[PDB]
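Notes follow once the structure below has been shown.
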Amino acid sequence: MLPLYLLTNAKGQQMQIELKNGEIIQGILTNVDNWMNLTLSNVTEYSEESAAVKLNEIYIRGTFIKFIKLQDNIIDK
RNA sequence: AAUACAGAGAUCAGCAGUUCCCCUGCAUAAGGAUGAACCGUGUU
């Protein structure tokens with residue numbers, strides 16, 4: 001299935017975003033749009049994968065994402 | 001008129017062309033017959 005559909009239904013799951021600058025964002029997905037802009041709650045962002053700021057909500061532009069690790073649960077969920 | 005002469009003086013065959021008439025083609029005119037499952041006012 002399409003990446004976007006996959007995302008739209010991962011709403012409420014936990015996922016890990018790598019940004020183009022190296023920052024890693026662990027959080028629970030709360031919203032997606034057609035340009036893959038995200039909003040996540042219960043957030044922890046890291047300066048790099050080596051690792052630590054906790055944030056309540058984060059908005060991420062989709063053009064800035066290298067990849068998004070999904071929970072293995074994904075296919076059945 | 002007398003004479004000199006020279007003195008009795010081609011055939012077999014083919015094709016097209018006019019004239020009507022039939023067969024078969026193509027053209028030009030008019031005429032008809034029948035067949036063809038589909039419907040134009042924010043990433044390069």
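Chain labels A, B, ... are given in the sequence in which chains occur in the structure tokens; within each chain residues are numbered consecutively from 1, and ligands are likewise numbered from 1 in the order shown.
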Distance filter 10 Å, only C-alpha atoms (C1' of nucleotides), chain A against chain B, as a PyMOL selection string: chain A and resi 34-37+61-65
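Those residues that approach residue 58 in chain A to within 10 Å, counting only C-alpha atoms (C1' of nucleotides), are residues 25, 27, 28, 29, 30, 38, 39, 40, 41, 42, 43, 44 and 45 of chain A; same-chain residues fewer than 5 positions away are not listed.
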Store the residues picked out above, limited to N, CA, C and O atoms, as a tab-separated table (two decimals), in the first residue's frame.
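To be explicit, this is the file written out as again-v3.tsv:
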chain	number	residue	atom	x	y	z
A	25	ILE	N	13.49	12.01	16.10
A	25	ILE	CA	12.29	12.36	16.83
A	25	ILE	C	11.42	11.16	17.16
A	25	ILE	O	10.86	10.57	16.26
A	27	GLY	N	8.12	9.73	18.84
A	27	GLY	CA	6.88	10.25	19.35
A	27	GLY	C	5.71	9.45	18.86
A	27	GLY	O	5.86	8.42	18.18
A	28	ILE	N	4.52	9.87	19.27
A	28	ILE	CA	3.34	9.14	18.88
A	28	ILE	C	2.61	9.98	17.89
A	28	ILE	O	2.38	11.16	18.13
A	29	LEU	N	2.28	9.39	16.74
A	29	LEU	CA	1.75	10.19	15.65
A	29	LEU	C	0.29	10.65	15.95
A	29	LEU	O	-0.55	9.86	16.38
A	30	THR	N	0.00	11.93	15.73
A	30	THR	CA	-1.33	12.44	16.04
A	30	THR	C	-1.99	12.99	14.79
A	30	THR	O	-3.21	13.00	14.72
A	38	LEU	N	3.84	16.19	9.72
A	38	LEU	CA	3.36	15.40	10.82
A	38	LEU	C	3.04	16.27	12.06
A	38	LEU	O	3.51	17.40	12.16
A	39	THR	N	2.27	15.73	12.99
A	39	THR	CA	2.22	16.28	14.34
A	39	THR	C	2.27	15.04	15.22
A	39	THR	O	1.59	14.03	14.92
A	40	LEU	N	3.16	15.08	16.22
A	40	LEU	CA	3.27	13.98	17.17
A	40	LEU	C	3.15	14.51	18.61
A	40	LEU	O	3.52	15.67	18.90
A	41	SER	N	2.63	13.67	19.49
A	41	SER	CA	2.57	13.95	20.92
A	41	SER	C	3.56	13.05	21.65
A	41	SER	O	4.14	12.15	21.02
A	42	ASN	N	3.74	13.26	22.95
A	42	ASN	CA	4.73	12.51	23.75
A	42	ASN	C	6.12	12.34	23.10
A	42	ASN	O	6.64	11.23	22.92
A	43	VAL	N	6.72	13.48	22.82
A	43	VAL	CA	7.89	13.57	21.96
A	43	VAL	C	9.21	13.60	22.72
A	43	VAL	O	9.28	14.11	23.82
A	44	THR	N	10.25	13.02	22.12
A	44	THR	CA	11.62	13.09	22.59
A	44	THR	C	12.50	13.30	21.39
A	44	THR	O	12.50	12.49	20.47
A	45	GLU	N	13.20	14.43	21.36
A	45	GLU	CA	14.03	14.66	20.22
A	45	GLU	C	15.47	14.58	20.68
A	45	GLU	O	15.83	14.99	21.79
Backbone DSSP call of strand (DSSP E) for chain A, listed as a ChimeraX atom specification: /A:14-19,24-32,38-46,53-60,65-69
Given the selection you just returned, output its residues as a file containing N, CA and C atoms, formatted as a short mmCIF file (atom, residue, chain, number, x, y, z; two decimals), in the first residue's frame.
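So the final result, stored in selection10.cif, reads:
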data_model
loop_
_atom_site.label_atom_id
_atom_site.label_comp_id
_atom_site.auth_asym_id
_atom_site.auth_seq_id
_atom_site.Cartn_x
_atom_site.Cartn_y
_atom_site.Cartn_z
N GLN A 14 3.45 4.57 17.89
CA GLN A 14 4.71 5.20 18.15
C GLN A 14 5.58 5.05 16.90
N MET A 15 6.40 6.05 16.61
CA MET A 15 7.30 6.01 15.45
C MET A 15 8.50 6.92 15.64
N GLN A 16 9.55 6.62 14.88
CA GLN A 16 10.79 7.36 15.01
C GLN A 16 11.24 8.05 13.71
N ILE A 17 11.30 9.38 13.70
CA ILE A 17 11.64 10.12 12.49
C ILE A 17 13.10 10.53 12.45
N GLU A 18 13.77 10.31 11.32
CA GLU A 18 15.09 10.87 11.14
C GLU A 18 14.90 12.07 10.22
N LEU A 19 15.40 13.23 10.62
CA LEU A 19 15.32 14.44 9.81
C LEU A 19 16.56 14.63 8.97
N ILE A 24 16.78 13.08 15.62
CA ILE A 24 15.85 11.97 15.70
C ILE A 24 14.67 12.32 16.57
N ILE A 25 13.49 12.01 16.10
CA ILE A 25 12.29 12.36 16.83
C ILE A 25 11.42 11.16 17.16
N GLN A 26 11.42 10.71 18.42
CA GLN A 26 10.55 9.62 18.84
C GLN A 26 9.24 10.19 19.37
N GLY A 27 8.12 9.73 18.84
CA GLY A 27 6.88 10.25 19.35
C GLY A 27 5.71 9.45 18.86
N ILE A 28 4.52 9.87 19.27
CA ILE A 28 3.34 9.14 18.88
C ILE A 28 2.61 9.98 17.89
N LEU A 29 2.28 9.39 16.74
CA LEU A 29 1.75 10.19 15.65
C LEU A 29 0.29 10.65 15.95
N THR A 30 0.00 11.93 15.73
CA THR A 30 -1.33 12.44 16.04
C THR A 30 -1.99 12.99 14.79
N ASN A 31 -1.19 13.36 13.78
CA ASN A 31 -1.78 13.80 12.50
C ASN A 31 -0.80 13.83 11.30
N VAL A 32 -1.34 13.52 10.12
CA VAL A 32 -0.61 13.53 8.86
C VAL A 32 -1.43 14.30 7.84
N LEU A 38 3.84 16.19 9.72
CA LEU A 38 3.36 15.40 10.82
C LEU A 38 3.04 16.27 12.06
N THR A 39 2.27 15.73 12.99
CA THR A 39 2.22 16.28 14.34
C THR A 39 2.27 15.04 15.22
N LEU A 40 3.16 15.08 16.22
CA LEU A 40 3.27 13.98 17.17
C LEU A 40 3.15 14.51 18.61
N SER A 41 2.63 13.67 19.49
CA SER A 41 2.57 13.95 20.92
C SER A 41 3.56 13.05 21.65
N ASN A 42 3.74 13.26 22.95
CA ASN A 42 4.73 12.51 23.75
C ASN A 42 6.12 12.34 23.10
N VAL A 43 6.72 13.48 22.82
CA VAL A 43 7.89 13.57 21.96
C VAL A 43 9.21 13.60 22.72
N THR A 44 10.25 13.02 22.12
CA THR A 44 11.62 13.09 22.59
C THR A 44 12.50 13.30 21.39
N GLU A 45 13.20 14.43 21.36
CA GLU A 45 14.03 14.66 20.22
C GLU A 45 15.47 14.58 20.68
N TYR A 46 16.29 14.04 19.78
CA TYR A 46 17.71 13.87 20.00
C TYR A 46 18.47 14.65 18.93
N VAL A 53 15.82 16.08 24.60
CA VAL A 53 14.71 16.95 25.01
C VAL A 53 13.30 16.33 24.92
N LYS A 54 12.52 16.44 25.99
CA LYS A 54 11.16 15.92 25.94
C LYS A 54 10.24 17.09 25.62
N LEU A 55 9.34 16.88 24.66
CA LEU A 55 8.43 17.93 24.21
C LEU A 55 7.03 17.35 24.18
N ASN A 56 6.05 18.21 24.43
CA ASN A 56 4.67 17.78 24.45
C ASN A 56 4.11 17.51 23.07
N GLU A 57 4.40 18.40 22.13
CA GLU A 57 3.93 18.25 20.77
C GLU A 57 4.97 18.80 19.81
N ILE A 58 5.13 18.14 18.67
CA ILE A 58 6.00 18.66 17.63
C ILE A 58 5.34 18.57 16.25
N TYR A 59 5.59 19.60 15.44
CA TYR A 59 5.15 19.63 14.07
C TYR A 59 6.41 19.52 13.19
N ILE A 60 6.37 18.64 12.20
CA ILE A 60 7.52 18.37 11.34
C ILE A 60 7.17 18.56 9.89
N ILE A 65 12.17 15.19 6.14
CA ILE A 65 12.28 13.83 6.65
C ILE A 65 13.08 12.95 5.70
N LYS A 66 14.07 12.26 6.25
CA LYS A 66 14.85 11.31 5.47
C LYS A 66 14.10 9.99 5.44
N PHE A 67 13.66 9.56 6.62
CA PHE A 67 12.91 8.32 6.77
C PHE A 67 12.16 8.24 8.10
N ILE A 68 11.22 7.30 8.20
CA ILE A 68 10.41 7.15 9.37
C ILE A 68 10.38 5.68 9.75
N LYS A 69 11.00 5.32 10.87
CA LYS A 69 10.89 3.94 11.34
C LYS A 69 9.51 3.71 11.96
#
DSSP-assigned helix (DSSP H, G or I) among chain A, expressed as an MDAnalysis selection string: chainID A and resid 3:9 62:64 72:75
Using only C-alpha atoms (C1' of nucleotides), determine which residues lie at most 9 Å from residue 6 in chain A, disregarding the query and same-chain residues fewer than 5 positions distant; provide the list as a CSV table (one decimal) with N, CA and C atoms, in the first residue's frame.
chain,number,residue,atom,x,y,z
A,1,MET,N,0.8,-1.2,0.0
A,1,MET,CA,0.0,0.0,0.0
A,1,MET,C,0.9,1.3,0.0
A,74,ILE,N,3.0,-2.6,12.6
A,74,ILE,CA,2.4,-1.8,11.5
A,74,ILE,C,1.4,-2.6,10.6
A,75,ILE,N,1.9,-3.7,10.0
A,75,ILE,CA,1.2,-4.4,9.0
A,75,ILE,C,-0.2,-4.8,9.4
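CA of residue 77 in chain A is positioned 7.5 Å from CA of residue 10 in chain A.
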